[PDB]
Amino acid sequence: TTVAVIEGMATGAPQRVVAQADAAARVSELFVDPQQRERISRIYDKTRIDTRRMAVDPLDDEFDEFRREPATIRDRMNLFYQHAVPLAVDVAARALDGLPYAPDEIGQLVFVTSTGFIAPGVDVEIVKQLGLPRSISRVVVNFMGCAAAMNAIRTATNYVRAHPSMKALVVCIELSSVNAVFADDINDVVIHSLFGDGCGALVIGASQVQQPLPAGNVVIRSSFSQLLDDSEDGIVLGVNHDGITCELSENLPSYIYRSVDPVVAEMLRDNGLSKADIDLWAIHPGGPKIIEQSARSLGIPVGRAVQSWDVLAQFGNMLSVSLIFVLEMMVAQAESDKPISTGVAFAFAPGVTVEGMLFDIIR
(Lines of atoms letter the chains of each structure in order from A and count residues from 1; the text may use other names and numbers.)
(Lines give C-alpha, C1' and ligand atoms only; values in the text may rest on other atoms or scores of the structure.)
Protein backbone atom coordinates (compact mmCIF):
# COMPACT_ATOMS: atom_id res chain seq x y z
CA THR A 1 0.00 0.00 0.00
CA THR A 2 2.68 2.48 1.07
CA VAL A 3 6.36 3.57 1.01
CA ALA A 4 8.63 5.97 2.97
CA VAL A 5 10.03 9.35 1.83
CA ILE A 6 12.57 12.01 3.00
CA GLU A 7 10.61 15.31 2.95
CA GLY A 8 13.17 17.61 4.58
CA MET A 9 16.90 17.42 5.32
CA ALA A 10 19.78 19.51 6.70
CA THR A 11 23.38 19.54 7.78
CA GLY A 12 25.62 21.47 10.13
CA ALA A 13 28.97 21.42 11.92
CA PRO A 14 31.17 23.25 14.39
CA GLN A 15 32.20 26.67 13.07
CA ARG A 16 35.91 26.04 13.62
CA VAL A 17 37.58 24.79 10.42
CA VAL A 18 40.87 22.89 11.06
CA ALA A 19 43.31 22.59 8.19
CA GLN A 20 44.86 19.18 7.97
CA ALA A 21 48.24 20.81 7.26
CA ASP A 22 48.10 22.47 10.69
CA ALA A 23 46.80 19.42 12.50
CA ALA A 24 49.62 17.39 10.91
CA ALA A 25 52.17 20.06 11.80
CA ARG A 26 50.82 20.29 15.38
CA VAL A 27 50.90 16.48 15.80
CA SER A 28 54.38 16.14 14.12
CA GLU A 29 55.85 18.63 16.64
CA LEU A 30 55.07 16.10 19.41
CA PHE A 31 57.08 13.06 18.15
CA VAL A 32 60.56 14.43 17.22
CA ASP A 33 62.09 11.09 16.13
CA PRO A 34 63.55 10.58 12.66
CA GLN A 35 61.28 7.59 11.92
CA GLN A 36 58.43 8.79 14.20
CA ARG A 37 58.01 12.40 12.94
CA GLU A 38 58.40 11.12 9.34
CA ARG A 39 55.78 8.34 9.75
CA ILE A 40 53.24 10.90 11.01
CA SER A 41 53.75 13.38 8.11
CA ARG A 42 53.14 10.46 5.69
CA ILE A 43 49.92 9.37 7.51
CA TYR A 44 48.30 12.81 7.38
CA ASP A 45 49.24 13.16 3.72
CA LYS A 46 47.51 9.91 2.81
CA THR A 47 44.17 10.94 4.39
CA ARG A 48 42.74 12.92 1.44
CA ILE A 49 41.40 15.41 3.99
CA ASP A 50 41.87 19.18 3.59
CA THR A 51 39.68 20.29 6.50
CA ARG A 52 37.63 19.11 9.43
CA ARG A 53 35.12 20.94 11.61
CA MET A 54 35.90 20.64 15.26
CA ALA A 55 33.88 21.86 18.24
CA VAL A 56 36.95 21.71 20.46
CA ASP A 57 40.21 23.40 19.49
CA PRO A 58 43.50 21.50 19.16
CA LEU A 59 45.15 24.96 19.24
CA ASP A 60 44.53 25.92 22.89
CA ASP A 61 47.24 25.04 25.43
CA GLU A 62 44.46 24.99 28.07
CA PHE A 63 42.67 22.19 26.14
CA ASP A 64 46.12 20.53 25.59
CA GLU A 65 46.70 19.83 29.32
CA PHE A 66 43.13 18.52 29.79
CA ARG A 67 43.63 16.06 26.85
CA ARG A 68 46.70 14.75 28.70
CA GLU A 69 44.78 14.04 31.94
CA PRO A 70 43.46 10.58 32.84
CA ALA A 71 39.91 9.80 34.03
CA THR A 72 38.24 12.72 32.24
CA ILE A 73 35.60 10.60 30.48
CA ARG A 74 32.66 12.20 32.29
CA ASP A 75 33.79 15.79 31.55
CA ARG A 76 34.08 14.83 27.89
CA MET A 77 30.54 13.46 27.89
CA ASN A 78 29.30 16.73 29.44
CA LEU A 79 31.36 18.51 26.84
CA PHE A 80 29.64 16.48 24.09
CA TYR A 81 26.37 17.78 25.53
CA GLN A 82 27.53 21.38 25.92
CA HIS A 83 28.45 21.55 22.21
CA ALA A 84 25.86 19.17 20.73
CA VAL A 85 22.63 20.75 21.93
CA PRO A 86 22.79 24.00 19.95
CA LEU A 87 24.15 22.30 16.82
CA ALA A 88 21.58 19.55 16.93
CA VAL A 89 18.74 21.93 17.74
CA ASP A 90 19.77 24.23 14.92
CA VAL A 91 20.12 21.42 12.33
CA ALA A 92 16.87 19.69 13.40
CA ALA A 93 15.06 23.00 13.06
CA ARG A 94 16.52 23.61 9.61
CA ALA A 95 15.35 20.17 8.48
CA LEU A 96 11.87 21.05 9.65
CA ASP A 97 11.83 24.66 8.33
CA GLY A 98 10.21 25.15 4.98
CA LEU A 99 7.82 22.30 5.68
CA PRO A 100 4.00 22.61 5.98
CA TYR A 101 3.58 20.41 9.13
CA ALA A 102 2.39 21.08 12.63
CA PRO A 103 4.60 19.78 15.48
CA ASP A 104 1.65 17.49 16.36
CA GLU A 105 2.59 15.65 13.16
CA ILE A 106 6.11 14.79 14.40
CA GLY A 107 5.62 11.47 16.25
CA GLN A 108 9.16 10.02 16.30
CA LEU A 109 12.60 11.29 17.08
CA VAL A 110 15.43 8.84 16.45
CA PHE A 111 18.58 10.30 17.91
CA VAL A 112 21.95 8.92 16.85
CA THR A 113 25.61 9.23 17.97
CA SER A 114 28.56 7.07 18.94
CA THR A 115 30.67 9.96 20.38
CA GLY A 116 28.84 10.95 23.60
CA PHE A 117 26.86 9.24 26.35
CA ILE A 118 24.65 11.21 28.69
CA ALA A 119 21.02 11.17 29.84
CA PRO A 120 18.89 13.18 29.81
CA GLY A 121 20.61 13.92 26.55
CA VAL A 122 20.34 15.95 23.42
CA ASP A 123 17.16 14.30 22.18
CA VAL A 124 15.17 15.81 25.08
CA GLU A 125 16.50 19.29 24.18
CA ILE A 126 15.46 18.86 20.62
CA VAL A 127 11.84 18.28 21.67
CA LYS A 128 11.92 21.11 24.24
CA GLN A 129 13.63 23.79 22.18
CA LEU A 130 11.83 22.80 18.95
CA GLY A 131 8.51 22.54 20.82
CA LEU A 132 7.76 19.05 19.60
CA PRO A 133 4.99 17.05 21.22
CA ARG A 134 5.98 15.76 24.65
CA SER A 135 4.21 12.52 23.74
CA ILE A 136 6.81 11.99 21.00
CA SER A 137 8.34 8.54 20.70
CA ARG A 138 12.04 8.46 21.11
CA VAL A 139 14.79 6.02 20.39
CA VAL A 140 18.43 6.76 21.16
CA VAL A 141 20.78 4.71 19.02
CA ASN A 142 24.37 4.45 20.19
CA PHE A 143 27.52 2.70 19.20
CA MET A 144 26.14 1.59 15.81
CA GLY A 145 29.04 3.53 14.27
CA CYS A 146 29.47 5.08 10.81
CA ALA A 147 26.47 3.23 9.45
CA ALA A 148 24.05 4.26 12.19
CA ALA A 149 22.06 6.62 9.92
CA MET A 150 20.92 3.55 7.90
CA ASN A 151 19.73 1.85 11.10
CA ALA A 152 17.96 5.12 12.05
CA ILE A 153 16.38 5.62 8.62
CA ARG A 154 15.19 2.00 8.71
CA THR A 155 13.63 2.60 12.10
CA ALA A 156 11.88 5.80 10.97
CA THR A 157 10.68 3.96 7.85
CA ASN A 158 8.92 1.43 10.11
CA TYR A 159 7.29 4.26 12.14
CA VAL A 160 5.78 6.28 9.34
CA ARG A 161 4.53 3.20 7.46
CA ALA A 162 2.96 1.93 10.70
CA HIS A 163 1.56 5.44 11.38
CA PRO A 164 1.06 6.95 7.88
CA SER A 165 -0.22 10.34 9.11
CA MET A 166 2.76 11.10 11.36
CA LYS A 167 6.35 12.08 10.51
CA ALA A 168 9.65 10.82 11.94
CA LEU A 169 12.55 13.10 12.69
CA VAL A 170 16.05 11.63 12.56
CA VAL A 171 19.03 13.50 13.92
CA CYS A 172 22.61 12.26 13.82
CA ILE A 173 25.43 14.15 15.50
CA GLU A 174 29.03 13.21 16.10
CA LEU A 175 31.69 15.22 17.97
CA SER A 176 34.89 13.27 17.66
CA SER A 177 36.88 16.31 18.79
CA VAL A 178 35.41 15.88 22.27
CA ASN A 179 37.09 12.45 22.53
CA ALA A 180 40.56 13.59 21.48
CA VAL A 181 43.66 12.41 23.36
CA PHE A 182 47.43 11.90 23.10
CA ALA A 183 48.67 8.87 21.17
CA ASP A 184 49.25 5.70 23.23
CA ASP A 185 49.72 3.79 19.90
CA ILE A 186 49.79 3.79 16.08
CA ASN A 187 46.01 3.37 15.87
CA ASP A 188 45.56 6.48 18.04
CA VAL A 189 47.56 8.54 15.53
CA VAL A 190 45.54 7.17 12.60
CA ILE A 191 42.17 7.68 14.23
CA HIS A 192 42.95 11.22 15.22
CA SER A 193 43.85 12.10 11.59
CA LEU A 194 40.43 11.11 10.18
CA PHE A 195 37.52 11.83 12.48
CA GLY A 196 35.74 15.17 12.53
CA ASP A 197 32.56 16.74 13.87
CA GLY A 198 29.17 17.25 12.23
CA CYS A 199 25.40 16.67 12.52
CA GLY A 200 22.63 16.03 10.04
CA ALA A 201 18.87 15.73 10.25
CA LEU A 202 16.06 14.18 8.28
CA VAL A 203 12.32 14.39 8.26
CA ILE A 204 10.65 11.26 6.99
CA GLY A 205 7.03 10.82 5.98
CA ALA A 206 4.77 8.21 4.43
CA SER A 207 3.25 8.18 0.95
CA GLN A 208 0.62 6.17 -0.92
CA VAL A 209 2.64 4.53 -3.73
CA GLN A 210 2.06 6.14 -7.18
CA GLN A 211 1.37 9.64 -5.74
CA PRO A 212 2.90 12.59 -7.58
CA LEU A 213 5.56 13.28 -4.95
CA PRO A 214 7.38 16.62 -4.59
CA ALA A 215 10.67 17.18 -6.41
CA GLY A 216 13.67 16.85 -4.03
CA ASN A 217 11.94 14.05 -2.15
CA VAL A 218 14.15 10.98 -1.78
CA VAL A 219 12.31 7.68 -1.77
CA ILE A 220 13.57 4.97 0.53
CA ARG A 221 13.20 2.06 -1.83
CA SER A 222 14.72 -0.57 0.44
CA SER A 223 17.27 -0.94 3.26
CA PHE A 224 19.72 -3.74 3.84
CA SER A 225 22.06 -5.25 6.37
CA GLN A 226 24.64 -8.00 6.41
CA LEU A 227 26.51 -9.15 9.50
CA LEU A 228 29.81 -10.68 8.40
CA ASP A 229 31.76 -13.64 9.53
CA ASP A 230 35.38 -13.53 10.62
CA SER A 231 35.52 -9.74 10.99
CA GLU A 232 34.72 -8.98 14.65
CA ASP A 233 37.98 -7.02 14.89
CA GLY A 234 37.20 -4.79 11.89
CA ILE A 235 35.63 -1.86 13.65
CA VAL A 236 35.74 -1.69 17.42
CA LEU A 237 34.20 0.94 19.65
CA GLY A 238 35.10 1.40 23.28
CA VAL A 239 34.80 3.65 26.27
CA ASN A 240 38.10 4.53 27.94
CA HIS A 241 38.74 6.53 31.07
CA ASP A 242 39.91 9.45 28.89
CA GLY A 243 37.50 9.19 25.94
CA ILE A 244 35.55 7.07 23.54
CA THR A 245 37.69 5.27 20.93
CA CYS A 246 37.30 3.47 17.68
CA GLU A 247 39.97 0.81 16.92
CA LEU A 248 40.28 -0.25 13.27
CA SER A 249 41.77 -3.43 11.90
CA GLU A 250 44.53 -3.39 9.30
CA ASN A 251 42.34 -5.98 7.55
CA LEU A 252 39.27 -3.80 7.38
CA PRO A 253 39.98 -2.75 3.83
CA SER A 254 40.12 -6.41 2.68
CA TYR A 255 37.01 -7.21 4.80
CA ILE A 256 35.27 -4.44 2.85
CA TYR A 257 36.79 -5.56 -0.45
CA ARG A 258 35.53 -9.14 0.02
CA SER A 259 32.05 -8.18 1.29
CA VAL A 260 30.74 -5.13 -0.57
CA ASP A 261 29.99 -6.62 -3.98
CA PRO A 262 28.15 -9.81 -2.94
CA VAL A 263 26.03 -7.89 -0.44
CA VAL A 264 25.19 -5.07 -2.86
CA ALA A 265 24.68 -7.61 -5.66
CA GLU A 266 22.22 -9.64 -3.60
CA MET A 267 20.32 -6.48 -2.76
CA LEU A 268 20.05 -5.50 -6.43
CA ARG A 269 19.02 -9.09 -7.25
CA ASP A 270 16.19 -8.89 -4.66
CA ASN A 271 15.26 -5.50 -6.10
CA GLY A 272 15.61 -6.64 -9.74
CA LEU A 273 18.25 -4.15 -10.87
CA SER A 274 21.89 -3.93 -11.83
CA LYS A 275 24.89 -1.72 -11.21
CA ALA A 276 23.80 -0.30 -14.61
CA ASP A 277 20.56 1.08 -13.11
CA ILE A 278 22.50 2.77 -10.24
CA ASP A 279 23.24 6.39 -11.08
CA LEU A 280 24.60 7.29 -7.63
CA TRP A 281 27.02 5.64 -5.20
CA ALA A 282 26.88 7.17 -1.75
CA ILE A 283 29.80 5.26 -0.29
CA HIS A 284 30.36 6.28 3.28
CA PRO A 285 33.42 8.54 3.27
CA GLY A 286 35.18 6.84 6.17
CA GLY A 287 38.64 7.22 4.68
CA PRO A 288 40.45 6.72 1.37
CA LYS A 289 40.90 2.93 1.72
CA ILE A 290 37.14 2.65 2.65
CA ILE A 291 36.01 4.35 -0.53
CA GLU A 292 38.75 2.82 -2.69
CA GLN A 293 38.06 -0.72 -1.54
CA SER A 294 34.28 -0.32 -1.70
CA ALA A 295 34.66 0.89 -5.26
CA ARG A 296 37.10 -1.78 -6.31
CA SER A 297 34.84 -4.44 -4.76
CA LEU A 298 32.01 -3.18 -6.88
CA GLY A 299 32.85 -2.85 -10.51
CA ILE A 300 33.34 0.96 -10.26
CA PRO A 301 36.04 3.56 -10.92
CA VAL A 302 37.34 4.76 -7.54
CA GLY A 303 36.60 8.41 -8.23
CA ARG A 304 33.03 7.74 -9.37
CA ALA A 305 31.63 8.34 -5.86
CA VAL A 306 32.47 12.02 -6.15
CA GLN A 307 30.32 13.26 -3.27
CA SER A 308 32.05 10.75 -0.95
CA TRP A 309 35.52 12.09 -1.84
CA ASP A 310 34.21 15.65 -1.67
CA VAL A 311 32.87 15.17 1.88
CA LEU A 312 35.97 13.42 3.08
CA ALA A 313 38.08 16.26 1.67
CA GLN A 314 35.97 19.01 3.37
CA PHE A 315 34.89 17.34 6.60
CA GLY A 316 36.66 14.03 7.16
CA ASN A 317 34.77 11.19 8.70
CA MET A 318 31.72 12.32 10.65
CA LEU A 319 30.65 8.75 11.25
CA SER A 320 26.80 8.46 11.01
CA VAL A 321 26.53 12.00 9.73
CA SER A 322 28.70 11.73 6.62
CA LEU A 323 26.10 9.92 4.52
CA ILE A 324 23.57 12.68 5.25
CA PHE A 325 26.06 15.19 3.82
CA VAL A 326 26.64 12.93 0.81
CA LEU A 327 22.91 12.70 0.24
CA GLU A 328 22.34 16.46 0.58
CA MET A 329 25.01 17.14 -2.02
CA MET A 330 23.42 14.56 -4.31
CA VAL A 331 20.03 16.28 -3.94
CA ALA A 332 21.70 19.61 -4.69
CA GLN A 333 23.49 18.44 -7.88
CA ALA A 334 20.69 17.41 -10.26
CA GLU A 335 23.31 15.64 -12.48
CA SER A 336 20.94 13.97 -14.98
CA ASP A 337 18.05 14.63 -17.38
CA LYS A 338 16.28 11.53 -15.96
CA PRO A 339 13.20 12.07 -13.74
CA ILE A 340 14.53 9.82 -10.93
CA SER A 341 18.31 9.69 -10.37
CA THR A 342 18.65 6.49 -8.33
CA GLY A 343 21.49 5.48 -6.03
CA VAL A 344 22.82 3.24 -3.35
CA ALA A 345 24.22 4.24 0.00
CA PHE A 346 26.12 1.99 2.33
CA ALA A 347 28.52 2.11 5.24
CA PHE A 348 30.28 -0.17 7.71
CA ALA A 349 29.57 -0.86 11.30
CA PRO A 350 31.21 -2.92 14.06
CA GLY A 351 30.53 -6.60 13.33
CA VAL A 352 31.54 -6.11 10.64
CA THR A 353 28.11 -5.17 9.35
CA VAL A 354 27.42 -3.65 5.95
CA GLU A 355 24.34 -1.42 6.28
CA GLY A 356 22.80 0.47 3.37
CA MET A 357 19.84 1.52 1.26
CA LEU A 358 18.57 1.89 -2.28
CA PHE A 359 16.87 5.15 -3.10
CA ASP A 360 15.57 7.21 -6.01
CA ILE A 361 15.97 10.97 -5.77
CA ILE A 362 12.89 12.61 -7.32
CA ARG A 363 14.84 15.16 -9.40
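For every residue, the number given is its place in the sequence shown, counted from 1.
**Q** Mean CA B-factor: is it higher for 276 to 284 or for 100 to 108?
**A** The stretch with the larger average C-alpha B-factor is 100 to 108.
**Q** Higher average CA B factor in the deposited record is what I'm after, so tell me if that's 307 to 315 or 41 to 49.
**A** Looking at the record's C-alpha B-factors, the answer is 41 to 49.
**Q** In terms of CA temperature factor as recorded, identify the highest of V17, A24, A10, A345.
**A** Spelled out: the listed residue with the top C-alpha B-factor is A24.
**Q** For the C-alpha B-factor as written in the entry, point me to the maximum among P253, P212, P133, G200.
**A** Answer, based on the entry's C-alpha B-factors: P212.
**Q** C-alpha B factor of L327, ranked within the chain: lowest, middle or highest third?
**A** Ranked within chain, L327 CA B lands in the middle tercile.
**Q** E266's Cα B-factor: lowest, middle or highest third of the chain?
**A** As the PDB entry reports it, the C-alpha B-factor of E266 lands in the highest third of its chain.
**Q** Sorting the chain's modelled residues by C-alpha B-factor, tell me whether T155 ends up in the lowest, middle or highest third.
**A** Middle third.
**Q** Please rank the C-alpha B-factors of the chain's modelled residues and tell me whether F195 sits in the lowest, middle or highest third.
**A** Tercile = middle for this residue's CA B-factor.
**Q** Could you say whether, by C-alpha temperature factor, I235 belongs to the lowest, middle or highest third of its chain?
**A** Within its chain, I235 is a lowest-third residue by C-alpha B-factor, going by the deposited values.
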